[PDB]
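Below is one structure, written out as structure tokens; comments come after it.
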Amino acid sequence: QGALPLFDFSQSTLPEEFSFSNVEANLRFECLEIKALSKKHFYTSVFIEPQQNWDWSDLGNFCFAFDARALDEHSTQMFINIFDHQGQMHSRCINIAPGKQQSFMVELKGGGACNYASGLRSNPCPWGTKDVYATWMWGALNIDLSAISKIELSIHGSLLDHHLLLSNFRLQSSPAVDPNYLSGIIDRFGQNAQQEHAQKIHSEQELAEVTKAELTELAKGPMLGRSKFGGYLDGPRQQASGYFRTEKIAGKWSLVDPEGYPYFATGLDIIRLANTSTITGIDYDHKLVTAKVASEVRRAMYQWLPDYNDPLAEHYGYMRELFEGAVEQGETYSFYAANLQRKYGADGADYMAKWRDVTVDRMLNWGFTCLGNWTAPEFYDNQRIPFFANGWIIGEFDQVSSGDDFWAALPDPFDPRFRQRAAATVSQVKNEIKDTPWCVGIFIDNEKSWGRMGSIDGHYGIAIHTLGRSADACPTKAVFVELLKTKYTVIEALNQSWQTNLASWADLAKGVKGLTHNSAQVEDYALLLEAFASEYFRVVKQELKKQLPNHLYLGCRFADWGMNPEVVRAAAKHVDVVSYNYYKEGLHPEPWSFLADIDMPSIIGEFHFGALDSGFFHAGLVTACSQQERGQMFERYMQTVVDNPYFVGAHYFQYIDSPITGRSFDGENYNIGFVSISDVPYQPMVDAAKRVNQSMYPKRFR
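Letter by letter, the sequence shown follows residues 9 to 118, 123 to 301, 327 to 739 of the entry's author numbering.
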């Protein structure tokens, strides 16, 4: 086969299939010229809809493809969302670099379709190819190809406009990939063997040279201008409480350090080794109560793994997880740990202790004012740089959900057991931080499924599902009944409003399903969701303050798909700082409108930028065309937070590159580190960090 054109751009006008939103379009010389107005508008889209659904299930293995040029100085991250008649969505993205024309391919059949987002069940797309194979991001990998109803080219969450040239839309046959395509792709350092890039390590000798060089550079000391606790030495002095605290300063929210210096929190997440391990293939399995070929394909990717008598075999580990009557396990290895020993462990030297010292040396030299979330407790007595503490509340207690699933269930805070587990969590954080003023604050939990805005069932899923449950073993449902009874008093009044025929409050309490979700019911879902969340935040706040009354409670780190006005207002009642994770190009004005009404000091828990020029298969959630642009985008993001008067900090996820073969736990495989897997700092990230960190305090504080 080969290629089959979908359209004809020879004509004076665009084909009827094309429409636009917040995109200016002109068809000219067989190129579709688009200006996405994404600086102003959060969502911009090109829509391609056939009048009658496409049937592409008879084509064999193929890609939807097109060519693109970006005429800006910066790249464009573009999502290609392909929808079928059923509604499910195949979503991939591409980075469109400035310069020569690129060809882009979105593989819809190959299984199924090729991708690097499935861990050991990935089927590699061609890499190092001239066609760019789009990265699978969201939705379903395999959709109903017999009834394809829409394609969306989306540019969103950007700080800039983008000017693209699109041409040569086509269906293109996809050749089968060699099963041993990636054999020997990883070298002994964990790096990509078949790729070269500016800071790649080629030998232990070069490793020692580069290390010696950095250590000499770090001998130049910390970035200047900071007080002891990393606040702004020459900033408007505030009262000192002896602990990090919040304050409104010249009409902006601010943190204040223990000695009263104004404080703004910059730093990195995951300062620990636990997330650096990757599956070796040895003993890899996934079964109930082939994995074997997946096992052998993975092991053959490694050019080197240590003999079990090799001192570097110390960094082997083992994973064994149970989930859904299925056990998944395997040997793991951390090349990062191995490289630490290579770098620092000559003559039985304590390489972990050196790594800790250099890490803190690095943060202070780069200008960061803290160590971020998931910092190893070994760092907590360092007394040179502030840190953020974290705990998880787990164990046995009643739960609520959005579905019978309980896949991502939340705790029922009206179960007495939840409070006891919160106490346990707090006791361990207290034992870790030993009341030190160097602890800026404590995050509890992370990215719960509070409800995804954009649809009733998603947004108020917790309200809707819980109403379906019986109050006898669901404390939150009992609370919901008393809430509705207080609002409506008699069941007849609820029936009038809900258009239901319930016999009594007891009838409600037993469970109601198949609700039509009218406007009155949705007002009630909102009340219910907020009451539920308010008690979670109340109980956690209380248990924290009983043992650690002086330390900031920083919330639960809202993901953008796990937040809504209801749970934000609930958090605002009880947290000291509201925490958000936000993987976009920066704090785009449109979705951050609500900040004023809440008027709480806020903190970014996570963001990042990745690329593919350091030999990775996945550039992550927000992407750049090069290492240099990663640093540029880091800076652009940060300016945006420093400029926002409700934010008091931003933490970058994460310190260390993901393994190229993926994190053992979940397969996370992004080029997102400040340092490579060989512990080499990416220079434009370091440089951007320094520009941000040296400018932020004078910019912030007038």
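Using N, Cα and C, we set each Cβ at its ideal position, and we do this for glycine too.
- If you check the CB distance, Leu183 and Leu14 come in under 8 Å.
- DSSP, reduced to helix, strand and coil, places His352 within a helical segment of the structure shown.
- In this structure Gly647 is in contact with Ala656, their Cβ atoms being roughly 4 Å apart against a cut-off of 8 Å.
- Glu368 and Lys43 have their C-alpha atoms some 49 Å from each other.
- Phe595 sits close to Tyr617, with the two beta carbons spaced by under 8 Å.
- Residue environment analysis places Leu359 among the exposed positions, since fewer than 16 neighbouring C-beta atoms fall within 10 angstroms of its C-beta.
- The beta-carbon separation of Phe112 and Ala146, rounded to 6 Å, stays under the 8 Å limit for a contact.
- In the structure shown, the three-state DSSP call for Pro274 is strand.
- Annotation note: the segment 192-273 contains the following uninterrupted beta strand (DSSP E) runs of length 3 or greater, listed N- to C-terminal: 257-261 and 264-268.
- As DSSP reads the structure, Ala445 sits in no beta bridge.
- The way I'd put it, the segment 444-451 doesn't touch the segment 332-341; fewer than three beta-carbon pairs between them come closer than 8 Å.
- Around the C-beta of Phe631, fewer than 16 other C-beta atoms lie within 10 Å, and the residue is accordingly described as exposed.
- Using a Cβ distance threshold of 8 Å, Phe569 and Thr513 count as a contacting pair.
- DSSP, read as helix, strand or coil, puts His611 in coil.
- DSSP assignment within the segment 638-701 yields the following whole beta strand (DSSP E) runs of 3 residues or more, N-terminal first: 639-643 and 684-689.
- Beta-bridge partners assigned by DSSP to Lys162: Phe91.
- Collapsing the DSSP output to three states places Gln536 in coil.
- Cβ-Cβ separation between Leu589 and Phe91: approximately 44 Å, too far for a contact (criterion under 8 Å).
- Between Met389 and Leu377, the C-beta spacing is below 8 Å.
- Looking at the DSSP output, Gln85 sits in a beta bridge with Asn103.
- Around the beta-carbon of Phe654, 16 or more other beta-carbon atoms lie within 10 Å, marking it buried.
- Residue pairing by DSSP puts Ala11 in a beta bridge opposite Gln184.
- Within the same chain, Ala563, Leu566 and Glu567 come within 6 Å of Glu603 by CB-CB distance, once the 5 residues on both sides are set aside.
- The beta-bridge partner set that DSSP reports for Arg737 is empty.
- Rounded to the nearest whole angstrom, the CA to CA distance from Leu531 to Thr537 is 8 Å.
- When C-beta atoms of the segment 245-255 are compared with those of the segment 692-710, fewer than three pairs fall below 8 Å, so the two segments do not count as touching.
- For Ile470, same chain residues with a beta-carbon under 7 Å away, outside a window of 5 residues either side, are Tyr417, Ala426 and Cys476 in chain order.
- Within the same chain, Cβ atoms closer than 7 Å to the Cβ of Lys212 are found at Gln203, the five residues on either side in sequence being excluded.
- Note on geometry: alpha-carbon atoms of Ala11 and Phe181 lie some 10 Å from one another.
- Between the C-alpha atoms of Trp148 and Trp139 there is a straight-line separation of about 14 Å.
- The segment 13-85 contains no complete alpha helix (DSSP H) run of 4 or more residues.
- DSSP, reduced to helix, strand and coil, places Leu552 outside both helices and strands of the structure shown, so it counts as coil.
- Judged by their CB atoms, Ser541 and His502 are not nearer to each other than the 8 Å cut-off.
- In this chain, the alpha helix (DSSP H) harbouring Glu333 covers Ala328 to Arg336.
- In the three-state reduction of the DSSP assignment, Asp143 falls in the strand class.
- Look at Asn468 here: in three-state DSSP terms it is helix.
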